[PDB]
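Asks: Below is the file work_29.pdb, which contains PDB, N, CA and C atoms.
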ATOM      1  N   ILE U   1     -63.855 -11.126  87.797  1.00  0.00           N
ATOM      2  CA  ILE U   1     -63.073 -12.391  87.842  1.00  0.00           C
ATOM      3  C   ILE U   1     -63.993 -13.609  87.797  1.00  0.00           C
ATOM      4  N   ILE U   2     -63.490 -14.702  87.232  1.00  0.00           N
ATOM      5  CA  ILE U   2     -64.266 -15.933  87.120  1.00  0.00           C
ATOM      6  C   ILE U   2     -64.715 -16.438  88.490  1.00  0.00           C
ATOM      7  N   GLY U   3     -63.887 -16.211  89.503  1.00  0.00           N
ATOM      8  CA  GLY U   3     -64.220 -16.653  90.847  1.00  0.00           C
ATOM      9  C   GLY U   3     -63.650 -15.740  91.918  1.00  0.00           C
ATOM     10  N   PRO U   4     -64.466 -14.821  92.468  1.00  0.00           N
ATOM     11  CA  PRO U   4     -64.018 -13.887  93.507  1.00  0.00           C
ATOM     12  C   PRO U   4     -63.539 -14.600  94.766  1.00  0.00           C
ATOM     13  N   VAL U   5     -63.921 -15.861  94.901  1.00  0.00           N
ATOM     14  CA  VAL U   5     -63.531 -16.664  96.055  1.00  0.00           C
ATOM     15  C   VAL U   5     -62.019 -16.848  96.095  1.00  0.00           C
ATOM     16  N   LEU U   6     -61.463 -17.337  94.995  1.00  0.00           N
ATOM     17  CA  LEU U   6     -60.029 -17.548  94.897  1.00  0.00           C
ATOM     18  C   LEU U   6     -59.285 -16.237  95.122  1.00  0.00           C
ATOM     19  N   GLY U   7     -59.947 -15.130  94.794  1.00  0.00           N
ATOM     20  CA  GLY U   7     -59.348 -13.827  94.963  1.00  0.00           C
ATOM     21  C   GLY U   7     -59.432 -13.341  96.390  1.00  0.00           C
ATOM     22  N   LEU U   8     -60.541 -13.649  97.059  1.00  0.00           N
ATOM     23  CA  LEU U   8     -60.718 -13.217  98.435  1.00  0.00           C
ATOM     24  C   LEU U   8     -59.863 -14.047  99.383  1.00  0.00           C
ATOM     25  N   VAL U   9     -59.861 -15.363  99.188  1.00  0.00           N
ATOM     26  CA  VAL U   9     -59.059 -16.242 100.028  1.00  0.00           C
ATOM     27  C   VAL U   9     -57.582 -15.909  99.868  1.00  0.00           C
ATOM     28  N   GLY U  10     -57.186 -15.599  98.636  1.00  0.00           N
ATOM     29  CA  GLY U  10     -55.807 -15.243  98.370  1.00  0.00           C
ATOM     30  C   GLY U  10     -55.405 -13.996  99.125  1.00  0.00           C
ATOM     31  N   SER U  11     -56.393 -13.156  99.419  1.00  0.00           N
ATOM     32  CA  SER U  11     -56.158 -11.925 100.156  1.00  0.00           C
ATOM     33  C   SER U  11     -55.931 -12.244 101.626  1.00  0.00           C
ATOM     34  N   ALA U  12     -56.798 -13.090 102.175  1.00  0.00           N
ATOM     35  CA  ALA U  12     -56.679 -13.506 103.564  1.00  0.00           C
ATOM     36  C   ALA U  12     -55.488 -14.436 103.726  1.00  0.00           C
ATOM     37  N   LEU U  13     -55.048 -14.972 102.600  1.00  0.00           N
ATOM     38  CA  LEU U  13     -53.914 -15.877 102.552  1.00  0.00           C
ATOM     39  C   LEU U  13     -52.607 -15.120 102.756  1.00  0.00           C
ATOM     40  N   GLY U  14     -52.599 -13.849 102.367  1.00  0.00           N
ATOM     41  CA  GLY U  14     -51.417 -13.032 102.536  1.00  0.00           C
ATOM     42  C   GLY U  14     -51.410 -12.371 103.892  1.00  0.00           C
ATOM     43  N   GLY U  15     -52.607 -12.172 104.434  1.00  0.00           N
ATOM     44  CA  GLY U  15     -52.743 -11.564 105.737  1.00  0.00           C
ATOM     45  C   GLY U  15     -52.375 -12.526 106.847  1.00  0.00           C
ATOM     46  N   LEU U  16     -52.655 -13.806 106.624  1.00  0.00           N
ATOM     47  CA  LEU U  16     -52.336 -14.847 107.588  1.00  0.00           C
ATOM     48  C   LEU U  16     -50.851 -15.168 107.520  1.00  0.00           C
ATOM     49  N   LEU U  17     -50.275 -14.911 106.351  1.00  0.00           N
ATOM     50  CA  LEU U  17     -48.874 -15.159 106.100  1.00  0.00           C
ATOM     51  C   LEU U  17     -48.004 -14.084 106.724  1.00  0.00           C
ATOM     52  N   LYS U  18     -48.599 -12.926 106.963  1.00  0.00           N
ATOM     53  CA  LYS U  18     -47.873 -11.812 107.520  1.00  0.00           C
ATOM     54  C   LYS U  18     -47.272 -12.170 108.879  1.00  0.00           C
ATOM     55  N   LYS U  19     -48.093 -12.722 109.768  1.00  0.00           N
ATOM     56  CA  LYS U  19     -47.622 -13.107 111.093  1.00  0.00           C
ATOM     57  C   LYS U  19     -47.169 -14.565 111.116  1.00  0.00           C
ATOM     58  N   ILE U  20     -47.492 -15.292 110.050  1.00  0.00           N
ATOM     59  CA  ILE U  20     -47.150 -16.701 109.952  1.00  0.00           C
ATOM     60  C   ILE U  20     -45.679 -16.951 110.287  1.00  0.00           C
TER      61      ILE U  20
END
Let me see whether you can do it: turn the structure in this file into structure tokens.

Replies:
Amino acid sequence: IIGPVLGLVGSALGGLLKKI
């Protein structure tokens, strides 16, 4: 991927959303 950052944050973004 052009930027693994956007991909990694997006992952933690769904994990934080789980209990959000």

Asks: As AutoDock Vina command-line options, what would the box around segment 3-17 of chain U look like: edges along x, y and z, 6 Å added on every side, centre and edge lengths in Å to one decimal?

Replies:
--center_x -56.2 --center_y -14.6 --center_z 98.5 --size_x 28.5 --size_y 18.0 --size_z 30.1

Asks: So the first atom is atom N of residue 2 of chain U and the second is atom N of residue 18 of chain U; what is the distance between them in Å, to one decimal place?

Replies: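 It comes out at 24.8 Å.
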
Asks: For a test of reading the model, state the distance in Å between atom C of residue 19 of chain U and atom CA of residue 1 of chain U, rounded to one decimal.

Replies: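 Interatomic distance here is 28.3 Å.
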
Asks: Calculate how many Å separate atom C of residue 20 of chain U from atom CA of residue 4 of chain U, rounding to one decimal.

Replies: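 Those two atoms sit 25.0 Å apart.
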